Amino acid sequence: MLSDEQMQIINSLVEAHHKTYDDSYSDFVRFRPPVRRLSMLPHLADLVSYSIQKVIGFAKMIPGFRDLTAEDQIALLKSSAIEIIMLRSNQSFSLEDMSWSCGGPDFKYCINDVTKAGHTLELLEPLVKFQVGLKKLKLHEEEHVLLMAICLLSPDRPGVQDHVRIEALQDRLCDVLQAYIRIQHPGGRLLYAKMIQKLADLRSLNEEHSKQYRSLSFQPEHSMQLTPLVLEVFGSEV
C-alpha cells in the first residue's frame, strides 16, 4: 500500500491540475475568434498561449520543480511544452467525433481546423492516433496528472544542466505512478508500460511540431499572428 509522501505528491499534483484546467473552457471567449489563408492561426495561437500559462502554473506546483535553477525550469518548460499541451488536451478529446470539443459550435475542433492553422496531416494524423490511444487507456485523474509531471521532468531534453536531479524527481514520480496503478487500478497490470510508451510517441509528435513551427515562424506574415509567449517558448533563443 501507498506511503504518505507518495500520497501528498498525488494530492498536490491533482490540486495543481484542478487549479490550471477549466472543464467549462470559459476563457475561450477571450481569444481571437476562430474563422472557417491560415484563418484558424489567431485562435490556435491564443489557445496555445493560454495553455502555456496554465502548464507553467501546473509546473510550479510539481514537487521539486520550484527548487531547480530558473535555467532548468525554462529548459524543461520549453522542450516539454507542446507534449504537456498534447497530454492535457486529451480531456477535451472525444472518441465519438474524433475532435477536441471545448464548447458550442465554435470551440468544437476537428482535424481540418488545424490544417487552416498552418499545420499538416504529417503532425495531425499521429496526433489524432495518439489522442485515441491515450483516451482508450481510461486513465484516472492521478495517472493523467502524474504522466504530465513525468513528461515535464524528463532529463533527456536540450538545455538541461542538472540531468541527475531531474532524473531523480522523475524516478520518484514514476515510483508514485507504478505503485498507484498496482494498489489502486484494477486490471492495470499492463497500464504503466502503455503509459511509458506514450512518452516515446510524444517525442515523435514534438519533433514533427518543431519542424512545422520553424516553417510557420520563418514567415513574418505568420509569426506576426503568434503571441510573445508562443514566440518565446517555441523559439530558438539560448
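Here, rigid core means the biggest group of C-alpha atoms that superpose within 1.5 Å across both forms. We number the residues from 1 along the sequence you see.
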property	result
RMS CA shift, core-fitted in 6 other deposited structures of this protein, bigger for 103-111 or for 153-161	103-111
Deposited but uncoordinated residues in the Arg36/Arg37 interval	10 or more
Greater mean Cα temperature factor according to the PDB record, 42-50 or 200-208	200-208
Between the two ranges 227-235 and 1-9, the one averaging a larger CA B factor in the entry	1-9
Position of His140 among the chain's modelled residues by C-alpha B-factor, lowest, middle or highest third	middle
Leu134, C-alpha B-factor rank within chain (lowest, middle or highest third)	middle
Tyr192 CA temperature factor, ranked by third within the chain	highest
CA B-factor ranking of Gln91, expressed as a third of its chain	lowest
Ranked against its chain, the third holding the CA B-factor of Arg165	highest
